[PDB]
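Report on the structure given below.
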Ligand SMILES: Nc1ncnc2c1ncn2[C@@H]1O[C@H](COP(=O)(O)OP(=O)(O)OP(O)(O)=S)[C@@H](O)[C@H]1O
Ligand SMILES: [Mg+2]
């Protein structure tokens, strides 16, 4: 039928395990509406995408998840046309929905170049109150220290 | 079985050029009240509601509710096919995969049956809160279109200020500031120039320019335009098109700069 | 010597704006009968037969039969600044490289003498096209241009079908299916609006819409166009201008029928 | 404090649409005689001399002589947001840099204050010779505009001739030869359609077509235009505004050296 | 920052007198066509005197002032063109990228019969940074040089 990972993917903050300090701090930030730009980094398959999707489905309903969350991944090439393309135009716009920030899930953020990470640094620092980025990556050291210095 | 007949063909031939460049598709919802069309833009900023009631049609046959998804690229060239004073009809079967638009050719000699396919699009209704608006303005339509064309030469984001004095449209660009303020135009012969203010508390909202130009693409539908705005409610542009129904545009404001002292 | 003065310049400007993208060059044959222009495309897709009789002009003088071929766009630059109501003087010598246009376009007595050079092209010969068309339909021209634009809006190729009721147009594409179906409306006050029927042996064909648009860019040239089609013979549109001559356009059907 | 009240915005609109494709930046000299604009183009070939008298405005007030310089395309886009029946208020002060254009709209209800930012360019004033020429021909302006558009197609630069008979236009272009000659056009009912020859000495000079085309965009300002040709002093195209002032365009020739053979 | 100490005459130039003398000789060589008036050093003096065009023009019509980017060659060309009876209409090849506006700034700006308001003040063309220009612009200038209308005003690249 379906693979077991797509069947038994965790959908709750308690259903993800061994990240209890991280999930506690994320819940503390998201109950008080103080969530920053996130940078989740680590080995593959340890619960990076599913944690932020659980947090997105905590923040947003099923109807507005497809509107106030933009997902980019390995299918999208990460150069300089993307950062001046859909993600900038997504982050620089308001929504007719409830007055909350947007969300951009950028899978494999360690594959961006230094120029691309600097342009993303410009986009992140320009728009903060209406967009909260989420860069998830394998290696922290493959991104610039300015990008590490603007997102938690 | 859905069957609708218009009184004059020019209703679609003025209402569908306003959706030529704004929205990408059309979601027709059928009901005993009539037809409606709610579509959000691809950038999720602009929202279009089109509500045509059943009493405005010449004849109207419907049995159950239907959701219908069509492409506006070929429809926006099929509007050029029909005439201006002919009679148009929309026909839709129960299980068919094509809808028919049956009208008369501009030669007044030839029956025109244009068949358009259905795109099975999975969309959901947002749901307008329909809150009490903090400022309502009644204005002419061509005046609003020419003031958007006027502030299209200055800056890419106009500023609508609405106080008890009236409405101030201000554009600031690299060239220089330009502001236009209206007040108390009830001393006119025709009733369509009554630029009236209906609420007290002032608001100041910055809107995009290309979106307001796409909104003012719908001038000859009606004579007057109702602009509703509040502190956090989006801009509502209401057109009372003829007697069959109305049209609404919903526009989120732009993001304000960090101008804290 | 060659000399022809057209009474009004809107006909010549409008036909040269009609075939501005159809052909690549215009070749006039000059005799005592009038001005003959028979042009054929490089890809064997369309043919133009324009005849201007000598009685339609105020003065037409011709000594020897001539054949002058000039690149259209060059004369399009000439008559893009002409007048709607003006006297046009088209002249050339017997053995010369030049061709002169003298006109008084804005009714401001500005005698504008414009000269252009002749292009020596290969003389290909097309004597007489065969005219044994079973299906003949007279239709008003401006609304024919309207429905040509209508069919060009939706599809990329037009399926045409004659029938005893009239002429049925269709087109298909991945966004929609355009269809239109003629009816007899002879009970009108306008004699141009009536469609005349001389059709037998109905034939279904297919055509390219852009060539139909290039044919029917000459909407205000005549009040009534004529369509003539049959099996495996190219379709003819025909404008009979009331004074100076006639114009015919030939389009071969596509290989992929229906 | 400089304040000028243009009676109608149509003449300003035609002045700016004449000067739009020629001048990089426009300089105004303000005195009790009125307003002056003596400037060169972006290529230092042509000269513009606009004079607007003091009595033509509704109210014209000026305390000290002012030498302002403004960007021209910015002012074209500012003036594009204006009607044709509205009074125009040009405002400037003694010790600042903002130029204000305050006018009414075609609604005739709303004020419109468009601010602009001037330039700090010091330009040496070139003395106009104000001498006599070799030929003066009076001709309606629509004839000159249509013959410039008609003669732009045949060639790239055109040689013009004037003699005792009349005026002559010649073009040796890539298409071929284009030659017109007009004289004694005074035998019509209208007073505008008239060509008058004043002087005696015949002149033949060649000029670029694009500068003539940009000169002919002042067509509906004046019913009649004046052409002054001379062998040494440049070509003069003068449009006389009816009750406001005048506008002169000066054009330098081009090199046409004879063949050595 | 060169406010009042700028050179303006031939007595304020900071180059060697042979180069300035031959540059002034080349500038005054055009008086037969513009005004209509009737070691390596010896090679330059031979090529500046022996043989001319039938239309009273020199063999070369463009000077290449190659050197380091400083050292005031532009100011030297300015004061020499002021001294020789011309007016300096400078232009820049670095802000001009499109060939259409280049031909506007070259073939539609100068080197025609630009009889201005000052009849006693003709004009000459001075171009800086010709090495950084794209090859289309220098091919256009080569076609202007090889045009046989005729080029009469000097070009100081
Ligand atoms: N903490 C966890 N508890 C339970 N199941 C988990 C946990 N983390 C991961 N899984 C399972 O492993 C799968 C992979 O999780 P994901 O977060 O989607 O992968 P990832 O952490 O984003 O790493 P990538 O995408 O390969 S770089 C999930 O769909 C679950 O089936
Ligand atoms: Mg992932």
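Protein chains in written order, with the numbering used here: chain Y, 1 to 152; chain F, 153 to 413; chain V, 414 to 671; chain A, 672 to 932; chain U, 933 to 1089. Every residue gets a Cβ at the ideal spot worked out from N, C-alpha and C, and that includes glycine.
On a CA-only basis, which of the options is nearest residue i? Give me that one, please.
{"i": "residue 364 (chain F)", "options": "F:286, F:307, F:185", "result": "F:307"}
{"i": "residue 874 (chain A)", "options": "A:740, A:785, A:897, A:804", "result": "A:804"}
{"i": "residue 389 (chain F)", "options": "F:156, F:222, F:289, F:406", "result": "F:289"}
{"i": "residue 51 (chain Y)", "options": "Y:81, Y:112, Y:32, Y:18", "result": "Y:18"}
{"i": "residue 637 (chain V)", "options": "V:646, V:659, V:647, V:620", "result": "V:659"}
{"i": "residue 44 (chain Y)", "options": "Y:139, Y:143, Y:146, Y:147", "result": "Y:139"}
{"i": "residue 486 (chain V)", "options": "V:529, V:654, V:657", "result": "V:529"}
{"i": "residue 660 (chain A)", "options": "A:928, A:899, A:702", "result": "Residue 660 (chain A) is absent from the structure shown; chain A starts at 672 and stops at 932."}
{"i": "residue 871 (chain A)", "options": "A:836, A:843, A:903", "result": "A:836"}
{"i": "residue 677 (chain A)", "options": "A:706, A:697, A:853", "result": "A:706"}
{"i": "residue 868 (chain A)", "options": "A:849, A:852, A:848, A:838", "result": "A:838"}
{"i": "residue 661 (chain V)", "options": "V:423, V:434, V:451", "result": "V:451"}
{"i": "residue 62 (chain Y)", "options": "Y:11, Y:41, Y:28", "result": "Y:11"}
{"i": "residue 753 (chain A)", "options": "A:692, A:735, A:718, A:679", "result": "A:679"}
{"i": "residue 935 (chain A)", "options": "U:938, U:1050, U:1024, U:939", "result": "The shown model of chain A, from 672 to 932, leaves out residue 935 (chain A), and the question about it has no answer."}
{"i": "residue 585 (chain V)", "options": "V:554, V:670, V:415, V:509", "result": "V:670"}
{"i": "residue 1020 (chain U)", "options": "U:1029, U:1040, U:1059", "result": "U:1059"}
{"i": "residue 936 (chain A)", "options": "A:824, A:674, A:906, A:890", "result": "Lying outside 672 to 932, the shown extent of chain A, residue 936 (chain A) is not represented and no answer is given."}
{"i": "residue 1037 (chain U)", "options": "A:714, A:759, A:863, A:848", "result": "A:714"}
Name the chain Y residues whose beta carbon is nearer than 7 angstroms to that of residue i?
{"i": "residue 199 (chain F)", "result": "96"}
Would you say residue i touches ligand 1, meaning its beta carbon is less than 7 angstroms from a heavy atom?
{"i": "residue 14 (chain Y)", "result": "no"}
{"i": "residue 18 (chain Y)", "result": "yes"}
{"i": "residue 299 (chain F)", "result": "no"}
{"i": "residue 624 (chain V)", "result": "no"}
{"i": "residue 589 (chain V)", "result": "no"}
{"i": "residue 402 (chain F)", "result": "no"}
{"i": "residue 138 (chain Y)", "result": "yes"}
{"i": "residue 8 (chain Y)", "result": "yes"}
{"i": "residue 45 (chain Y)", "result": "yes"}
Consider the C-beta atom of residue i and the heavy atoms of ligand 2; say whether any pair is separated by less than 7 angstroms.
{"i": "residue 48 (chain Y)", "result": "yes"}
{"i": "residue 107 (chain Y)", "result": "yes"}
What residues of chain V sit near residue i, judged by a beta carbon separation below 8 angstroms?
{"i": "residue 263 (chain F)", "result": "593, 594, 596"}
{"i": "residue 268 (chain F)", "result": "588, 589, 590"}
Listing by chain order, which chain A residues have their CB less than 8 angstroms from the CB of residue i?
{"i": "residue 365 (chain F)", "result": "Going along chain A, no residue has its Cβ under 8 angstroms from residue 365 (chain F), so there is no contact; the nearest lies around 14 angstroms."}
Which residues in chain F sit within 8 angstroms of residue i, going by Cβ to Cβ distance?
{"i": "residue 608 (chain V)", "result": "261"}
{"i": "residue 615 (chain V)", "result": "The premise fails here: residue 615 (chain V) is roughly 17 angstroms from chain F at the closest Cβ pair, so nothing lies under 8 angstroms."}
Just to check, is the beta-carbon of residue i closer than 7 angstroms to a non-hydrogen atom of ligand 4?
{"i": "residue 5 (chain Y)", "result": "Looking at this structure, you won't find ligand 4 anywhere; what it does contain is ligand 1 and ligand 2."}
Mind pulling the chain V residues with CB within less than 7 angstroms of residue i?
{"i": "residue 223 (chain F)", "result": "588"}
Assuming residue i and residue j make a contact with CB atoms under 8 angstroms, what is their CB distance in whole Å?
{"i": "residue 619 (chain V)", "j": "residue 558 (chain V)", "result": "Contact doesn't hold; Cβ gap of about 20 angstroms is too wide."}
{"i": "residue 327 (chain F)", "j": "residue 694 (chain A)", "result": "Actually they do not touch by this definition, with Cβ atoms about 17 angstroms apart."}
{"i": "residue 592 (chain V)", "j": "residue 402 (chain F)", "result": "Not confirmed; about 37 angstroms, so no contact."}
{"i": "residue 634 (chain V)", "j": "residue 654 (chain V)", "result": "6 angstroms"}
{"i": "residue 1057 (chain U)", "j": "residue 1016 (chain U)", "result": "Rounded, the Cβ-Cβ distance is 13 angstroms, inconsistent with contact."}
{"i": "residue 261 (chain F)", "j": "residue 608 (chain V)", "result": "7 angstroms"}
Whose Cβ in chain A lies nearer than 9 angstroms to the Cβ of residue i?
{"i": "residue 986 (chain U)", "result": "931"}
Since residue i meets chain A, which of its residues come closer than 7 angstroms, beta carbon to beta carbon?
{"i": "residue 1048 (chain U)", "result": "923"}
Which chain Y residues are close to residue i, counting only those with a beta carbon under 8 angstroms from its beta carbon?
{"i": "residue 276 (chain F)", "result": "63"}
In chain U, which residues lie with their C-beta within 9 angstroms of the C-beta of residue i?
{"i": "residue 799 (chain A)", "result": "1049"}
Going along chain U in order, which residues have a C-beta closer than 7 angstroms to the C-beta of residue i?
{"i": "residue 927 (chain A)", "result": "1081"}
Interface residues of chain F around residue i at Cβ under 7 angstroms?
{"i": "residue 130 (chain Y)", "result": "407"}
Mind checking the region 294-309 of chain F against chain Y and listing, in chain order, the residues whose C-beta falls within less than 7 angstroms of any C-beta there?
-> none
Relative to chain A, which residues along the region 1019-1045 of chain U have a C-beta separation below 8 angstroms, given in chain order?
-> 1021, 1036, 1037, 1040, 1041, 1042, 1043, 1044, 1045
Name, going along the chain, the residues of the region 488-505 of chain V whose beta-carbon falls closer than 8 angstroms to a beta-carbon of chain C.
-> Absent here is chain C; the protein component of the structure consists of chains Y, F, V, A and U.
Taking a Cβ distance cut-off of 9 angstroms, strictly less, list which residues of the region 506-520 of chain V are near chain A, in chain order.
-> 511, 512, 513, 518, 519
Identify each residue in the region 172-204 of chain F for which the Cβ-Cβ distance to at least one residue of chain Y is less than 8 angstroms, and report them in chain order.
-> 192, 195, 196, 197, 199
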